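Structure file protein_1.tsv; described as TSV, C-alpha atoms (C1' of nucleotides).
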```tsv
chain	number	residue	atom	x	y	z
P	1031	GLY	CA	-15.92	114.93	-162.84
P	1032	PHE	CA	-12.62	115.81	-164.48
P	1033	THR	CA	-12.05	113.27	-167.26
P	1034	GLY	CA	-15.60	111.95	-167.63
P	1035	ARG	CA	-14.49	108.34	-167.17
P	1036	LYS	CA	-16.49	105.90	-165.08
P	1037	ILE	CA	-15.09	105.30	-161.63
P	1038	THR	CA	-14.22	101.60	-161.46
P	1039	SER	CA	-15.60	101.21	-157.96
P	1040	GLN	CA	-19.24	101.99	-157.27
P	1041	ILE	CA	-19.64	104.84	-154.80
P	1042	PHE	CA	-22.09	104.57	-151.91
P	1043	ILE	CA	-24.10	107.80	-152.12
P	1044	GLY	CA	-27.31	109.01	-150.49
P	1045	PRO	CA	-28.96	111.74	-148.40
P	1046	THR	CA	-27.39	112.09	-144.95
P	1047	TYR	CA	-28.18	114.73	-142.34
P	1048	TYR	CA	-25.16	116.95	-141.71
P	1049	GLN	CA	-24.75	119.80	-139.24
P	1050	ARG	CA	-22.48	122.83	-139.35
P	1051	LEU	CA	-20.75	123.46	-136.05
P	1052	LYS	CA	-19.98	126.87	-134.53
P	1053	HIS	CA	-16.23	126.01	-134.66
P	1054	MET	CA	-15.36	128.15	-137.65
P	1055	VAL	CA	-11.96	128.94	-139.13
P	1056	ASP	CA	-12.56	132.70	-139.21
P	1057	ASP	CA	-13.19	132.69	-135.44
P	1058	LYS	CA	-9.95	130.71	-134.86
P	1059	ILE	CA	-7.33	132.17	-137.25
P	1060	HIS	CA	-4.80	134.26	-135.36
P	1061	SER	CA	-1.41	135.80	-136.11
P	1062	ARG	CA	0.89	138.25	-134.37
P	1063	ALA	CA	4.07	139.95	-135.55
P	1064	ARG	CA	4.53	142.38	-132.65
P	1065	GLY	CA	1.84	143.67	-130.35
P	1066	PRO	CA	0.91	144.79	-126.86
P	1067	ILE	CA	2.77	143.37	-123.88
P	1068	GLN	CA	1.69	142.67	-120.32
P	1069	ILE	CA	2.05	145.18	-117.50
P	1070	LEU	CA	3.88	142.72	-115.23
P	1071	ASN	CA	5.81	140.32	-117.47
P	1072	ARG	CA	6.51	142.50	-120.54
P	1073	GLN	CA	5.59	139.41	-122.57
P	1074	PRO	CA	2.95	139.05	-125.31
P	1075	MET	CA	-0.65	138.92	-124.13
P	1076	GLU	CA	-2.98	135.91	-123.93
P	1077	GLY	CA	-5.22	135.06	-126.89
P	1078	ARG	CA	-6.55	136.51	-130.17
S	1	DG	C1'	43.16	89.17	-58.32
S	2	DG	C1'	39.45	86.04	-60.61
S	3	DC	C1'	34.33	83.81	-61.35
S	4	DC	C1'	29.37	84.71	-61.35
S	5	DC	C1'	24.95	86.94	-60.72
S	6	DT	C1'	21.38	91.24	-60.71
S	7	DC	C1'	20.83	95.76	-61.72
S	8	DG	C1'	20.58	101.21	-63.93
S	9	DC	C1'	21.80	103.98	-67.48
S	10	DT	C1'	22.57	105.68	-72.20
S	11	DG	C1'	21.30	104.01	-76.15
S	12	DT	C1'	19.00	101.72	-80.47
S	13	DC	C1'	15.70	99.91	-83.80
S	14	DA	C1'	11.21	99.84	-84.68
S	15	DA	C1'	6.57	101.08	-84.90
S	16	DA	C1'	3.35	104.80	-85.31
S	17	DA	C1'	1.78	109.13	-86.24
S	18	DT	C1'	2.42	113.84	-88.54
S	19	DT	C1'	3.20	116.73	-92.48
S	20	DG	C1'	5.08	119.52	-97.25
S	21	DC	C1'	4.24	118.43	-101.85
S	22	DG	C1'	2.79	116.95	-106.57
S	23	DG	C1'	-1.44	116.17	-109.78
S	24	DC	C1'	-0.94	116.87	-119.32
S	25	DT	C1'	-0.17	120.54	-123.56
S	26	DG	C1'	-2.40	124.49	-125.43
S	27	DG	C1'	-6.60	127.13	-127.41
S	28	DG	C1'	-11.45	129.76	-127.71
S	29	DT	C1'	-15.96	131.99	-125.50
S	30	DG	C1'	-18.48	134.50	-121.79
S	31	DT	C1'	-19.83	136.89	-116.93
S	32	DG	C1'	-19.46	139.64	-112.87
S	33	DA	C1'	-18.03	142.11	-108.74
S	34	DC	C1'	-17.07	145.76	-88.91
S	35	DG	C1'	-18.96	147.11	-84.57
S	36	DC	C1'	-19.23	148.53	-79.12
S	37	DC	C1'	-19.29	152.07	-75.77
S	38	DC	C1'	-17.63	156.08	-74.13
S	39	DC	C1'	-15.96	161.22	-73.91
S	40	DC	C1'	-15.63	165.93	-75.96
S	41	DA	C1'	-16.95	170.17	-79.00
S	42	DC	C1'	-20.46	172.43	-81.52
S	43	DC	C1'	-25.05	173.49	-83.06
S	44	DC	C1'	-30.33	173.61	-82.66
S	45	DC	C1'	-34.26	174.20	-80.17
S	46	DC	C1'	-36.56	175.52	-76.06
S	47	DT	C1'	-39.30	180.68	-75.63
S	48	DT	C1'	-41.51	185.52	-77.08
S	49	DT	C1'	-43.88	188.40	-81.60
S	50	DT	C1'	-45.89	189.55	-86.25
S	51	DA	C1'	-47.30	190.09	-90.72
S	52	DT	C1'	-48.73	186.45	-94.37
S	53	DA	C1'	-51.67	181.79	-96.51
S	54	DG	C1'	-52.36	176.72	-97.69
S	55	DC	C1'	-52.69	172.87	-95.26
S	56	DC	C1'	-54.40	169.87	-91.78
S	57	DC	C1'	-56.02	168.27	-86.81
S	58	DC	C1'	-59.81	168.36	-83.86
S	59	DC	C1'	-64.40	168.94	-82.49
S	60	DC	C1'	-68.99	169.83	-83.80
S	61	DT	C1'	-73.03	169.15	-86.49
S	62	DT	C1'	-75.98	167.12	-89.99
S	63	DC	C1'	-78.91	163.14	-91.35
```
Give the structure from this file in structure tokens form.
Amino acid sequence: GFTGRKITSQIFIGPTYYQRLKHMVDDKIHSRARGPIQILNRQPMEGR
DNA sequence: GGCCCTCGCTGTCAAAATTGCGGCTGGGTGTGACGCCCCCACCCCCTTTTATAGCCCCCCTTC
């Protein structure tokens, strides 16, 4: 697709059924500089 | 004093059972939630009356 040259090997290509899973990167990304702390431990809380 | 045996006691090794402890790292959703029996104060209803009226039980009457 970039240079327009033929690929020397011959790619195996065809229609295949794919599924998108609920495991999505926007539901998983998580960061924390400084936030709320626990009532008992005074340590950072559990989970995003 | 010295040789030889059986015996009782504390003791020991061994077998057997009894018991405190452990069981990966981390992450993301969601969902939901005492009683028994007695004793002691205090209050309500028992009764009388009446006005008042809607409601309802009881007995009578109809066919």
If the cut-off is 10 Å, can you tell me the residues of chain P near chain S, counting all atoms listed in the file? I'd like them as a VMD selection string.
chain P and resid 1053 1057 to 1058 1077 to 1078
Point-to-point distance from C1' of residue 29 (chain S) to CA of residue 1073 (chain P), Å rounded to tenths:
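Interatomic distance, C1' of residue 29 (chain S) to CA of residue 1073 (chain P): 23.0 Å.
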Please compute the CA of residue 1068 (chain P)-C1' of residue 26 (chain S) distance, one decimal, in Å.
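Atom-to-atom, CA of residue 1068 (chain P) to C1' of residue 26 (chain S), that is 19.3 Å.
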Pairwise distance for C1' of residue 25 (chain S) and CA of residue 1075 (chain P), rounded to one decimal in Å:
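These two atoms are separated by 18.4 Å.
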Listed atoms of region 52-61 of chain S boxed along x, y and z, 4 Å each side, centre and edge lengths in Å, one decimal, as JSON:
```
{"center_x": -60.9, "center_y": 177.4, "center_z": -90.1, "size_x": 32.3, "size_y": 26.2, "size_z": 23.2}
```
Missing atoms of region 1035-1071 of chain P rebuilt to N, CA and C atoms, written as a compact mmCIF listing (two decimals), keeping the file's coordinate frame:
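Wrote it out as result.txt, contents follow:
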```
# COMPACT_ATOMS: atom_id res chain seq x y z
N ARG P 1035 -14.55 109.79 -167.20
CA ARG P 1035 -14.49 108.34 -167.17
C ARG P 1035 -15.30 107.80 -166.01
N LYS P 1036 -15.81 106.59 -166.17
CA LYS P 1036 -16.49 105.90 -165.08
C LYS P 1036 -15.49 105.55 -163.99
N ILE P 1037 -15.87 105.80 -162.75
CA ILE P 1037 -15.09 105.30 -161.63
C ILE P 1037 -15.28 103.80 -161.53
N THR P 1038 -14.17 103.06 -161.42
CA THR P 1038 -14.22 101.60 -161.46
C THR P 1038 -14.99 101.04 -160.28
N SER P 1039 -14.77 101.57 -159.09
CA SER P 1039 -15.60 101.21 -157.96
C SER P 1039 -16.95 101.91 -158.05
N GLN P 1040 -17.90 101.44 -157.27
CA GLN P 1040 -19.24 101.99 -157.27
C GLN P 1040 -19.47 102.70 -155.95
N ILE P 1041 -19.61 104.01 -156.00
CA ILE P 1041 -19.64 104.84 -154.80
C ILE P 1041 -20.97 104.71 -154.08
N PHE P 1042 -20.91 104.56 -152.76
CA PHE P 1042 -22.09 104.57 -151.91
C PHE P 1042 -22.50 106.01 -151.64
N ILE P 1043 -23.66 106.41 -152.15
CA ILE P 1043 -24.10 107.80 -152.12
C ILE P 1043 -25.57 107.84 -151.73
N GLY P 1044 -25.94 108.82 -150.90
CA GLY P 1044 -27.31 109.01 -150.49
C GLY P 1044 -27.48 110.20 -149.57
N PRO P 1045 -28.72 110.58 -149.27
CA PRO P 1045 -28.96 111.74 -148.40
C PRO P 1045 -28.65 111.42 -146.95
N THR P 1046 -27.78 112.22 -146.35
CA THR P 1046 -27.39 112.09 -144.95
C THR P 1046 -27.49 113.45 -144.29
N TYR P 1047 -28.03 113.48 -143.08
CA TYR P 1047 -28.18 114.73 -142.34
C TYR P 1047 -26.83 115.18 -141.81
N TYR P 1048 -26.38 116.36 -142.21
CA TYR P 1048 -25.16 116.95 -141.71
C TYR P 1048 -25.47 118.25 -140.99
N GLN P 1049 -24.63 118.58 -140.02
CA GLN P 1049 -24.75 119.80 -139.24
C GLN P 1049 -23.48 120.61 -139.35
N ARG P 1050 -23.62 121.93 -139.40
CA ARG P 1050 -22.48 122.83 -139.35
C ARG P 1050 -22.29 123.30 -137.92
N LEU P 1051 -21.07 123.18 -137.43
CA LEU P 1051 -20.75 123.46 -136.05
C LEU P 1051 -20.26 124.89 -135.92
N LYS P 1052 -20.46 125.50 -134.74
CA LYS P 1052 -19.98 126.87 -134.53
C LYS P 1052 -18.47 127.03 -134.64
N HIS P 1053 -17.69 125.96 -134.57
CA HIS P 1053 -16.23 126.01 -134.66
C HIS P 1053 -15.80 126.33 -136.08
N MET P 1054 -15.56 127.60 -136.33
CA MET P 1054 -15.36 128.15 -137.65
C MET P 1054 -13.95 128.72 -137.76
N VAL P 1055 -13.37 128.62 -138.95
CA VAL P 1055 -11.96 128.94 -139.13
C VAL P 1055 -11.72 130.44 -139.03
N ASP P 1056 -12.72 131.26 -139.34
CA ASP P 1056 -12.56 132.70 -139.21
C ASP P 1056 -12.59 133.18 -137.77
N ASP P 1057 -13.19 132.40 -136.87
CA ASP P 1057 -13.19 132.69 -135.44
C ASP P 1057 -11.90 132.21 -134.77
N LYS P 1058 -11.14 131.33 -135.42
CA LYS P 1058 -9.95 130.71 -134.86
C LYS P 1058 -8.63 131.22 -135.41
N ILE P 1059 -8.58 131.74 -136.64
CA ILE P 1059 -7.33 132.17 -137.25
C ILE P 1059 -6.77 133.35 -136.47
N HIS P 1060 -5.46 133.33 -136.26
CA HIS P 1060 -4.80 134.26 -135.36
C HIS P 1060 -3.33 134.36 -135.75
N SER P 1061 -2.82 135.58 -135.84
CA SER P 1061 -1.41 135.80 -136.11
C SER P 1061 -0.95 137.04 -135.38
N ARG P 1062 0.35 137.13 -135.14
CA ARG P 1062 0.89 138.25 -134.37
C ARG P 1062 2.36 138.44 -134.71
N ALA P 1063 2.68 139.57 -135.32
CA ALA P 1063 4.07 139.95 -135.55
C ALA P 1063 4.67 140.58 -134.30
N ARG P 1064 4.10 141.68 -133.86
CA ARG P 1064 4.53 142.38 -132.65
C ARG P 1064 3.33 143.16 -132.16
N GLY P 1065 3.04 143.07 -130.87
CA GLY P 1065 1.84 143.67 -130.35
C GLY P 1065 1.98 144.16 -128.93
N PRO P 1066 0.86 144.32 -128.24
CA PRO P 1066 0.91 144.79 -126.86
C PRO P 1066 1.51 143.76 -125.93
N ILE P 1067 2.13 144.24 -124.86
CA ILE P 1067 2.77 143.37 -123.88
C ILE P 1067 2.15 143.62 -122.52
N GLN P 1068 2.32 142.64 -121.63
CA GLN P 1068 1.69 142.67 -120.32
C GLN P 1068 2.33 143.73 -119.42
N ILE P 1069 1.57 144.17 -118.42
CA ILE P 1069 2.05 145.18 -117.50
C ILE P 1069 3.10 144.62 -116.55
N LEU P 1070 3.03 143.33 -116.24
CA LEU P 1070 3.88 142.72 -115.23
C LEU P 1070 5.03 141.93 -115.81
N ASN P 1071 4.81 141.22 -116.91
CA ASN P 1071 5.81 140.32 -117.47
C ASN P 1071 6.56 140.91 -118.65
```
